[PDB]
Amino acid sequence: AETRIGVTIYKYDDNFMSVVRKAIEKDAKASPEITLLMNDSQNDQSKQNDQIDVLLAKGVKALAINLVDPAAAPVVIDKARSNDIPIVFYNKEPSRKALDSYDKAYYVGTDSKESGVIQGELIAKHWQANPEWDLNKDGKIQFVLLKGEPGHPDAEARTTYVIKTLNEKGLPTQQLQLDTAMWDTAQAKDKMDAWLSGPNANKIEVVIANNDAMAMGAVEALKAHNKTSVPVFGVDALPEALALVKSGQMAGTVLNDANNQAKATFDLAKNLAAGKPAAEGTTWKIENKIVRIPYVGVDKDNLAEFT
């Protein structure tokens, strides 16, 4: 006996979604009647759309979709609803209007703003404890920021709220550079290397990255330029970032809870595949069809909890 569930990951080479992918597959092992059909959309929404057509033709009873493009949620909804197939969107949040457009569309993710606020609180905490970080002694944080994908809710909120949080805590900032590296380590290394080769190089006091993968690239570029005392902040708490916090090569990150997002996505998909209320028999709190899993700030104080 078997219930098929189709799953997409927007790109398997995304560091964070690779963690989520493995956690989904691990959780599915405990429900041997489920057969997961797991797909790498390779960062291409048209490929994902074709994959969804195949999954529906192969008789999946639910879809768990990590969109390539958040704006494509209506296309996916239109495909799934033809035969009343439920969708748990996850990690890339569709619009409220898209979620409300189909009774069987749900979302599992995070409060994106919370991660920006926590990151700003972490930067404030360390800035206030490290007066030497104010290289030009002007009382302002001269920073560069590595942004995630334009329009991605986590990139937009982390970028807006890290700065609002710092400023509201009484720490003025000066944005020397702000550009996207598309969540990617190599793009971030190249972008940081360019900034370190230009006129703002010696003015940079803090590196803020919307994720750990981009922070890791910035760390490499800082090392190449012998700027290892410029602090770097990320988001996700990837193992590699936790190792950099331990060595002092990153100042802080924020746990993006892949384990519980994967478990909630799988649990909701499994209930919906059976025609049951989405959170039945689970602890997940659905609020207007959305589950949000808390972020947690991580630095040297609480690092031992995570390694």
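All residue numbers refer to positions in the sequence shown, first residue = 1.
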query: 226-234 versus 104-112 - greater average Cα B-factor per the deposited record; finding: 226-234
query: 28-36 set against 235-243, stretch whose average Cα temperature factor tops the other in the entry; finding: 28-36
query: C-alpha B-factor winner, where the candidates are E132, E149, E93, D212; finding: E132
query: Chain thirds of CA B-factor: placement of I208; finding: lowest
query: Third of the chain, ranked by Cα B-factor, where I5 sits; finding: middle
query: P86 - Cα temperature factor, lowest/middle/highest third of chain; finding: middle
query: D13 - which third its CA temperature factor falls in, relative to the rest of the chain; finding: highest
query: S46 CA temperature factor, ranked by third within the chain; finding: highest
